[PDB]
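# experimental structure and sequence below, a few questions after.
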Amino acid sequence: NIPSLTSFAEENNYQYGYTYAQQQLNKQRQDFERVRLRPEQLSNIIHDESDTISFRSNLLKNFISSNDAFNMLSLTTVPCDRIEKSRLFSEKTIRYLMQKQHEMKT
Amino acid sequence: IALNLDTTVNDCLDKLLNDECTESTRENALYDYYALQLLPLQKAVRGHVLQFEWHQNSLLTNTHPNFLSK
Amino acid sequence: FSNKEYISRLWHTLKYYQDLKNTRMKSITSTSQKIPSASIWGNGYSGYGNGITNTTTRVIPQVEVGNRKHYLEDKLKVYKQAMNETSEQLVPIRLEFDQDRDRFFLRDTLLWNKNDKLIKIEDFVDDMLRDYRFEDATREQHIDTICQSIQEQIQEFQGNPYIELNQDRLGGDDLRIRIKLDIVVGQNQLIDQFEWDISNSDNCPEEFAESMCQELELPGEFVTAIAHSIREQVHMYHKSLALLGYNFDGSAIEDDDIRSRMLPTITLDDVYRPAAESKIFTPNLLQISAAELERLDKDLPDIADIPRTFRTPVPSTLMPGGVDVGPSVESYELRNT
Amino acid sequence: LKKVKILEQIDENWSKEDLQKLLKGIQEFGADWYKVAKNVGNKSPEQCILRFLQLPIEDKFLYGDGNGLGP
Amino acid sequence: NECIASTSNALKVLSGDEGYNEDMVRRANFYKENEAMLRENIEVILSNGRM
Amino acid sequence: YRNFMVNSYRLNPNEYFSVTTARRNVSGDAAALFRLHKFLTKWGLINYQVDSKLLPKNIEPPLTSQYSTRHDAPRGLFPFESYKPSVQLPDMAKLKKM
Amino acid sequence: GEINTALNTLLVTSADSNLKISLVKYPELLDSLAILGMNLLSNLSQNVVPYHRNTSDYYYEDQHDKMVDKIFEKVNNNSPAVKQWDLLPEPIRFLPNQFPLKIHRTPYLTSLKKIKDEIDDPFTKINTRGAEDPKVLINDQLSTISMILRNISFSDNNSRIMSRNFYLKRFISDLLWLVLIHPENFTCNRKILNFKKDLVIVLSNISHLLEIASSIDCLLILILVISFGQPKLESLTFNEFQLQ
């Protein structure tokens, strides 16, 4: 097949109305461009991450994540002088930067 | 709201039922009674038009954001 | 308003919509078994123009009225023509065919805009033949013959000459011509003559035809026949003037067949016509019977042969001048036993 | 008392007699708007339905004019 | 005010309910600022014969 | 022209109001009258009920019917609510005071 | 309502893949879709609200005597000009509002992260509904138009009918300007990705017969195709896109 560019012309094709070579080329045209342009009627209809995203699950997760983070704010009756600060380094990041600074003189 | 509405209905009923009240405020209470008994019919027609107005703007990509096209 | 009521409300809402979906599925399986049941939504259309909607979910592109596909415009050539729209130049068009050398009769007369490049003429002729209720074998009784006749008749139309083209003297000239007309509609025949200045541009034939049919109370075929007769005879005098090289500004008419058809100058004395000469210039609406109607049914431009306007009647119920075939005034079907 | 003065909606397209005939017609015939506009006269049924929608009946029993009602 | 108005609205969508705000459409100035769409919808419902 | 065509169709809607009768009854060129008639019949309004058919019979399932509506139905739309009266005795005193 | 119930009944049928919508049998539906998408793109860049205007919506509701009627305004107390308008308005360029300030070249993955950070927001307005806002109504009409137009173009006859249709080429050259140069009018950030995600699909099926109209469209095609993929931080400025 792989019919033509002349078979795609408007003269050899039907229009809103109101030969043999044309009716032979339009067989191969409609037999080529209906196995090429047909959509996939099976799975892999996900196509990406941002099509199977769920508004209901994210809305439920945000309803939980706002409620518990607001219960963290108001109901935690620890005064501001008593809120102890967290460490800016870990127990492993403080070992690796003692190791690499020891090995930095090479 | 419902108790104040019932009290106003029973108050605009009494203003016309007696005969010592003047006719300038005897027929005005009558039409105020008419307008108060016509309230849930107004709610029905008002609800109907607004339900059709809401159905004007349902477009299947608001309610269905996970529509698979092709 | 607590939790134990707010979930019991949602159970007495989901169980409603599950029964609603059962109804929706049953009303689908009913129509799939060729039983016309109603749905949650109403029945969509009726038989009026658009198709019956309560069906098995096909795609029906453009369910036609009668047997014709809807006319799809261009909407760009319409604006390309309607903005470059200087003049009109209406064309009188005559169609005559007989049972000999042709099969159809088709005695319709129409105006046509010469500057109109929008409508294809073969499409209008094909619409006209469908309006005359010709069956679908209408190409061996060609649409091409009528299309070629109308294509020839608009090519010969030389237009309104230099009386409109180059100069336009306000008031025109003394060129008053003797218009005669002879129109047959139903069984009435309008016979009337008058005078018409062919040298004036602001002479409106249609505004005079409506004026005459106002006074005589004519049906309306005479409205579109009188104006067509004026447009016909004025054009067939303008063509005979232009083919003899008239040079339309300076008059100097200088001929013998014409200048004898033209009328002389009205003096002070001739502002009243003689009495025996007056009885020609008056409209007579004669009535004719079947014998005369059968006699009329068979029988450089020649300005002596002024044709008559007989028309084959359109198959129309209400309109005067057309036969009453087809769908009736009453809406019946007559299923008998 | 805080009574709803319903006949003060006498804006120039309508009138007090028109509102009275409107209310008496809707009390006569329930929601058949052709008979209602027939009883009123000189007005289309759409204007009757619109003026029946736009009546301030229950606004003088609600809380606010137009701070806020809150939750 | 955005934490409250996006919490009750976060409950309306998750419950499945829909529609206008009940306390907004209960007054009379709603049907005076929306005077345009009501003259359309009243004619549409009346001419189709559903009013 | 438009009022003539629309008034002339609505005297007998079962008849296809052709272009040729409109051309024969009002004075004008055939192109503009043909374009106006095709525009008019494009939007319904004329030749919309030439060949009308009858819908036979509707076997109606429940809840798909006129007067098939119940107070027990859920108001998904129709945003006006019916609210539960709270009968509590301190709230009774509050309602008596307010 | 007549627009929305036509758009929804087109969107259900066009995505069905068992009911064919052929334009050989009817080629004026596509012109209605494209002219509607043109006129919605026009009053979105100017923030005009259609469908509920308080204007009258009706036009002029109502020889040798025009000089007589001129002096009739004299002895009672005792020629109109031409009009000009077009079928379609300006493409969206040559408007006084629309002048380019920043070509929005956002990549694919940053658009995905912006979508996932807008959905997973506490004060999100991604579901504010249709009847509560007219701008989201215009955007959800345009998204339906784009889903319909990407659904129609999977047929052998529609792909060569849509190829011309001057209306569709003008609508494509009209939306591709708005989604790349001034995307500030689209409400959500998923609609801006979804317009690029079906414009490329509808241009994948057409382009074997497409003749590009203007050079600005030929540049915006390049920028749209470039906008898929991940760049780096001369050399090759595009890290390889792994097809997982």
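Everything's here; your move. Numbers count the residues shown, from 1 in each chain, chains lettered A, B, ... in the order given.

# the strand or helix carrying residue G:140 packs against which elements?
Element membership of residue G:140, judged by DSSP states H and E, is helix G:134-152. The helices and strands touching helix G:134-152, judged by 3 or more Cβ pairs under 8 Å, 6 or more residues apart in numbering or on different chains; DSSP states H and E, are helix G:4-14, helix G:29-45, helix G:167-178, helix G:190-206. For the C-beta atoms, the positions are set from N, CA and C on the backbone; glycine is no exception.

# how deep is residue 37 tucked in, by neighbour count?
Using chain A. For residue A:37, the count of nearby residues is 15 (other Cβ atoms under 10 Å in any protein chain shown).

# could you do chain E instead?
16.

# how about the helices in the stretch 101-250 of chain C?
C:121-131, C:143-155, C:205-216, C:223-242 (DSSP state H, counting those that start in this stretch).

# the shortest one and chain F, are they touching?
Yes. With Cβ under 8 Å from any Cβ of the partner chain as the threshold, helix C:121-131 lies in contact with chain F, specifically through C:124, C:127-128, C:131.

# for the closest residue in space to residue C:180 that isn't next to it in sequence, what are its contacts?
Sequence neighbours aside, residue C:193 is the residue nearest to residue C:180 in space, at 4.5 Å (criterion: Cβ to Cβ, 6 or more residues apart in numbering or on different chains). Counting by Cβ atoms under 8 Å, 6 or more residues apart in numbering or on different chains, residue C:193 touches C:178-181, C:280-281.

# hmm, try it at 7 Å
C:178-180, C:280-281 (Cβ atoms under 7 Å, 6 or more residues apart in numbering or on different chains).

# against residue C:178, how distant is it?
Here the criterion is Cβ to Cβ, to the nearest Å. By it, residue C:193 lies 6 Å from residue C:178.

# how about the nearest residue to residue G:122, chain neighbours excluded?
Nearest one to residue G:122, counting by Cβ to Cβ, 6+ apart, is residue A:66 at 4.9 Å.

# quick check: which element contains the one residue in chain B that gets nearest to chain C?
Using Cβ to the nearest Cβ, the closest approach of chain B to chain C is made by residue B:55 at 10.9 Å. Per DSSP H and E: residue B:55 is located in helix B:39-56.

# that helix close to chain E?
Yes. Using Cβ under 7 Å from any Cβ of the partner chain, we find that helix B:39-56 touches chain E at B:49-50, B:52-54.

# and which of those is nearest to residue E:39?
Nearest to residue E:39 among these: residue B:49, at 10.7 Å, using Cβ to Cβ.

# quick one: the helices in the chain, in order.
No chain specified, so I'll use chain A. Taking DSSP state H to define them, one finds helices in chain A at A:20-32, A:55-73, A:93-102.

# wrong one, I was asking about chain D
Under DSSP H, chain D gives helices at D:16-28, D:33-40, D:45-53.

# okay, those, which one's buried deepest?
Of the helices of chain D, the one with the most neighbours on average (mean count of other Cβ atoms under 10 Å in any protein chain shown) is helix D:45-53, at a mean of 20.

# rewinding a little: ok, then the element right after the helix holding residue G:140?
Helix G:134-152 is succeeded, C-terminally, by helix G:158-161 (DSSP H and E).

# which other helices and strands contact that following helix?
Packing partners of helix G:158-161 (3 or more Cβ pairs under 7 Å, 6 or more residues apart in numbering or on different chains; DSSP states H and E): none among the helices and strands.

# coming back round to it: what separation is there between the residue nearest to residue C:180 and residue C:173?
21 Å.

# quick check: residues of chain G near chain A?
Of all the residues in chain G, those lying near chain A are G:17, G:24, G:27, G:112, G:115, G:119-120, G:122, G:127, G:154-156, G:159-160, G:190, G:193, G:205, G:209, going by Cβ under 7 Å from any Cβ.

# buried among those residues? Make that a ChimeraX selection.
Applying 16 or more other Cβ atoms under 10 Å in any protein chain shown to those, the buried members can be selected in ChimeraX as follows:
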select /G:24,27,112,115,119,127,154,155,156,159,160,190,193,205
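
# and the closest residue to chain F within the stretch 1-150 of chain C, how many neighbours?
Per Cβ to the nearest Cβ, residue C:47 is where the stretch 1-150 of chain C lies closest to chain F, at 2.9 Å. By other Cβ under 10 Å, the residues close to residue C:47 number 14.

# which residue is the nearest non-sequential neighbour of it?
Using Cβ to Cβ, 6+ apart, the closest residue to residue C:47 is residue F:53 (2.9 Å).

# that neighbour in helix, strand or coil?
coil (DSSP: H, G, I helix; E, B strand; the rest coil).

# show me where chain E has its helices.
So, for chain E - with DSSP H - the helices run E:2-5, E:8-15, E:30-33, E:35-48.

# ok, the residue nearest to residue E:8 when sequence neighbours are not counted to residue E:7 distance?
Using Cβ to Cβ, 6+ apart and skipping residues adjacent in sequence, the residue nearest residue E:8 is residue D:71, 7.6 Å away. In this view, residue D:71 and residue E:7 are 10 Å apart by Cβ to Cβ.

# which of the two has more neighbours?
Legend: neighbour count by other Cβ under 10 Å for residue D:71 and residue E:7, higher for residue E:7 (18 against 7).

# list the contacts of the more buried one.
residue A:66.

# which residue sits closest to residue D:2, ignoring its sequence neighbours?
In space, residue D:2 is closest to residue D:60, 6.1 Å off (Cβ to Cβ, 6+ apart).

# before we move on, the earlier item: can you tell me which of the helices and strands packed on helix G:134-152 is most buried?
It is helix G:167-178: most buried of those by mean count of other Cβ under 10 Å, with a mean of 22.
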